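**Student:** There's a structure below that I have some questions on.
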Amino acid sequence: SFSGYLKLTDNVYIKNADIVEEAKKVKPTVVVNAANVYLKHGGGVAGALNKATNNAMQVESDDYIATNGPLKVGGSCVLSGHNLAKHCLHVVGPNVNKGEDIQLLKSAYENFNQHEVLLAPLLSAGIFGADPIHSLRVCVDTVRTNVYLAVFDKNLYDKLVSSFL
Ligand SMILES: CC(C)(O)[C@H]1CCCN1c1ncnc2[nH]ccc12
Ligand SMILES: [Cl-]
């Protein structure tokens, strides 16, 4: 199971790690992808997870969108975890660079509550443009199930821990 995490709260844990390497090591029931509404896994967490599946995640995702249309900002879908996990929960946080409402970040994290245990990144961080410190606060104040956060930036990880209030 999960190793080397700092406990932030009763249910939130955090580690300086690449979510792809964590997933390959642990093979959790659920890995969260930081998706966009089109499930176009081009870069960041999504591009890295998809690359590790040899593009099978993208092929599955394109079939999903062709059938169902895009997700909502704040929404999610459950797809296969391929070689990385049983399932992948694709969750769309708001992209501040697109003018999307940061309040939708709480809605995005609510999707985690449908799953008992998840390996996840901080939503809306990275190329989605939001402050990771704010994202962690929303996570802790929204998710009630057990979440293991992989932060792939050592300086950021240290700042998140040292400023956690
Ligand atoms: C740095 C931060 C917040 O953790 C997010 C935003 C940018 C990329 N990132 C990642 N997180 C975890 N595992 C990852 N693997 C590849 C990328 C990646
Ligand atoms: Cl990202």
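A note on labels: chains of the structure tokens are A, B, ... as shown, every chain counts residues from 1, and ligands are counted from 1 in their shown order.
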At a cut-off of 12 Å and counting only C-alpha atoms and all ligand atoms, what residues surround ligand 1? Please answer as a ChimeraX atom specification.

**Tutor:** /A:14-24,31-35,41-52,93,119-136,148-160

**Student:** Can you tell me, as a PyMOL selection string, which residues in region 13-147 of chain A count as strand (DSSP E or B) by DSSP?

**Tutor:** chain A and resi 13-16+30-34+76-80+87-91+117-120+146-147

**Student:** Restricting the output to N, CA and C atoms, write the selected residues as a PDB file, in the first residue's frame.

**Tutor:**
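In the end it all went to selection00.pdb:
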```pdb
ATOM      1  N   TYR A  13      -3.473  12.807   3.028  1.00  0.00           N
ATOM      2  CA  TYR A  13      -2.057  12.476   3.096  1.00  0.00           C
ATOM      3  C   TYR A  13      -1.342  13.123   1.911  1.00  0.00           C
ATOM      4  N   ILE A  14      -0.036  13.381   2.049  1.00  0.00           N
ATOM      5  CA  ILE A  14       0.695  14.109   1.007  1.00  0.00           C
ATOM      6  C   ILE A  14       2.130  13.608   0.932  1.00  0.00           C
ATOM      7  N   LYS A  15       2.671  13.580  -0.292  1.00  0.00           N
ATOM      8  CA  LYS A  15       4.015  13.079  -0.553  1.00  0.00           C
ATOM      9  C   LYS A  15       4.596  13.813  -1.751  1.00  0.00           C
ATOM     10  N   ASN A  16       5.910  14.061  -1.725  1.00  0.00           N
ATOM     11  CA  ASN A  16       6.620  14.547  -2.907  1.00  0.00           C
ATOM     12  C   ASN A  16       6.869  13.349  -3.814  1.00  0.00           C
ATOM     13  N   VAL A  30      -8.135   3.484  -7.388  1.00  0.00           N
ATOM     14  CA  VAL A  30      -8.482   4.689  -8.137  1.00  0.00           C
ATOM     15  C   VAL A  30      -7.282   5.616  -8.191  1.00  0.00           C
ATOM     16  N   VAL A  31      -6.874   5.986  -9.404  1.00  0.00           N
ATOM     17  CA  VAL A  31      -5.981   7.119  -9.630  1.00  0.00           C
ATOM     18  C   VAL A  31      -6.796   8.243 -10.256  1.00  0.00           C
ATOM     19  N   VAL A  32      -6.592   9.464  -9.765  1.00  0.00           N
ATOM     20  CA  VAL A  32      -7.258  10.638 -10.308  1.00  0.00           C
ATOM     21  C   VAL A  32      -6.391  11.261 -11.391  1.00  0.00           C
ATOM     22  N   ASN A  33      -7.010  11.544 -12.534  1.00  0.00           N
ATOM     23  CA  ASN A  33      -6.401  12.345 -13.577  1.00  0.00           C
ATOM     24  C   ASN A  33      -6.917  13.775 -13.504  1.00  0.00           C
ATOM     25  N   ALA A  34      -5.994  14.723 -13.672  1.00  0.00           N
ATOM     26  CA  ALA A  34      -6.307  16.138 -13.814  1.00  0.00           C
ATOM     27  C   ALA A  34      -6.676  16.406 -15.272  1.00  0.00           C
ATOM     28  N   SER A  76     -16.713  14.809 -13.597  1.00  0.00           N
ATOM     29  CA  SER A  76     -15.803  13.676 -13.651  1.00  0.00           C
ATOM     30  C   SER A  76     -16.441  12.514 -14.396  1.00  0.00           C
ATOM     31  N   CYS A  77     -15.600  11.547 -14.752  1.00  0.00           N
ATOM     32  CA  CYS A  77     -16.071  10.249 -15.201  1.00  0.00           C
ATOM     33  C   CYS A  77     -15.091   9.185 -14.738  1.00  0.00           C
ATOM     34  N   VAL A  78     -15.597   7.969 -14.557  1.00  0.00           N
ATOM     35  CA  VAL A  78     -14.785   6.816 -14.196  1.00  0.00           C
ATOM     36  C   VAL A  78     -14.506   6.001 -15.452  1.00  0.00           C
ATOM     37  N   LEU A  79     -13.231   5.812 -15.763  1.00  0.00           N
ATOM     38  CA  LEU A  79     -12.783   4.983 -16.871  1.00  0.00           C
ATOM     39  C   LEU A  79     -11.762   3.978 -16.351  1.00  0.00           C
ATOM     40  N   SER A  80     -11.206   3.174 -17.255  1.00  0.00           N
ATOM     41  CA  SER A  80     -10.219   2.195 -16.845  1.00  0.00           C
ATOM     42  C   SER A  80      -8.950   2.869 -16.320  1.00  0.00           C
ATOM     43  N   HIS A  87      -9.147   1.710 -11.741  1.00  0.00           N
ATOM     44  CA  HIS A  87      -9.951   2.744 -12.366  1.00  0.00           C
ATOM     45  C   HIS A  87      -9.173   4.049 -12.397  1.00  0.00           C
ATOM     46  N   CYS A  88      -9.483   4.877 -13.387  1.00  0.00           N
ATOM     47  CA  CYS A  88      -9.049   6.264 -13.414  1.00  0.00           C
ATOM     48  C   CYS A  88     -10.267   7.166 -13.303  1.00  0.00           C
ATOM     49  N   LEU A  89     -10.280   8.004 -12.267  1.00  0.00           N
ATOM     50  CA  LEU A  89     -11.300   9.028 -12.108  1.00  0.00           C
ATOM     51  C   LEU A  89     -10.779  10.297 -12.769  1.00  0.00           C
ATOM     52  N   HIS A  90     -11.330  10.631 -13.935  1.00  0.00           N
ATOM     53  CA  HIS A  90     -10.943  11.841 -14.655  1.00  0.00           C
ATOM     54  C   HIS A  90     -11.751  12.997 -14.081  1.00  0.00           C
ATOM     55  N   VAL A  91     -11.086  13.968 -13.456  1.00  0.00           N
ATOM     56  CA  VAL A  91     -11.762  15.074 -12.793  1.00  0.00           C
ATOM     57  C   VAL A  91     -11.311  16.383 -13.419  1.00  0.00           C
ATOM     58  N   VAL A 117     -10.933   5.415  -1.341  1.00  0.00           N
ATOM     59  CA  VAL A 117      -9.499   5.690  -1.317  1.00  0.00           C
ATOM     60  C   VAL A 117      -9.076   6.105  -2.720  1.00  0.00           C
ATOM     61  N   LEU A 118      -8.267   7.162  -2.810  1.00  0.00           N
ATOM     62  CA  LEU A 118      -7.783   7.655  -4.094  1.00  0.00           C
ATOM     63  C   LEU A 118      -6.330   8.095  -3.988  1.00  0.00           C
ATOM     64  N   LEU A 119      -5.588   7.873  -5.073  1.00  0.00           N
ATOM     65  CA  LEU A 119      -4.306   8.523  -5.336  1.00  0.00           C
ATOM     66  C   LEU A 119      -4.583   9.684  -6.282  1.00  0.00           C
ATOM     67  N   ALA A 120      -4.135  10.894  -5.941  1.00  0.00           N
ATOM     68  CA  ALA A 120      -4.572  12.063  -6.694  1.00  0.00           C
ATOM     69  C   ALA A 120      -3.510  13.149  -6.737  1.00  0.00           C
ATOM     70  N   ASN A 146     -10.443   8.916   1.842  1.00  0.00           N
ATOM     71  CA  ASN A 146      -9.000   8.889   2.066  1.00  0.00           C
ATOM     72  C   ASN A 146      -8.267   9.211   0.774  1.00  0.00           C
ATOM     73  N   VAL A 147      -7.538  10.320   0.783  1.00  0.00           N
ATOM     74  CA  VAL A 147      -6.863  10.811  -0.404  1.00  0.00           C
ATOM     75  C   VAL A 147      -5.372  10.920  -0.134  1.00  0.00           C
TER      76      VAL A 147
END
```

**Student:** Using only C-alpha atoms, can you tell me which of A:164, A:112, A:5, A:38 comes closest to residue 69 (chain A)?

**Tutor:** A:38

**Student:** Calculated over only C-alpha atoms and all ligand atoms, which of the candidates A:10, A:92, A:53, A:58 has the smallest distance to ligand 2?

**Tutor:**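 Selected residue with least distance to ligand 2: A:92.
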
**Student:** Using only C-alpha atoms and all ligand atoms, can you tell me which of A:36, A:114, A:144, A:55 comes closest to ligand 2?

**Tutor:**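 That would be A:36, the residue with the smallest distance to ligand 2.
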
**Student:** Counting only C-alpha atoms and all ligand atoms, which of A:94, A:56, A:99, A:142 gets nearest to ligand 2?

**Tutor:** A:94

**Student:** Using only C-alpha atoms and all ligand atoms, which residue out of A:3, A:83, A:145, A:95 lies closest to ligand 2?

**Tutor:**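 Counting only C-alpha atoms and all ligand atoms, the residue closest to ligand 2 is A:95.
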
**Student:** Calculate how many Å separate CA of residue 139 (chain A) from CA of residue 4 (chain A), rounding to one decimal.

**Tutor:**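 Going from CA of residue 139 (chain A) over to CA of residue 4 (chain A), I get 19.7 Å.
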
**Student:** At what distance in Å, to one decimal, does CA of residue 6 (chain A) lie from CA of residue 165 (chain A)?

**Tutor:**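 That distance, rounded to one decimal, is 14.7 Å.
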
**Student:** Which residue out of A:1, A:140, A:60, A:103 has the minimum interatomic distance to residue 81 (chain A) when only C-alpha atoms are used?

**Tutor:**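 Once distances to residue 81 (chain A) are computed over only C-alpha atoms, the minimum belongs to A:60.
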
**Student:** Could you give me, as a PyMOL selection string, each residue of region 9-164 of chain A that DSSP assigns to helix (DSSP H, G or I) when run on this structure's backbone?

**Tutor:** chain A and resi 19-26+44-52+56-68+96-98+104-114+126-128+132-142+154-162
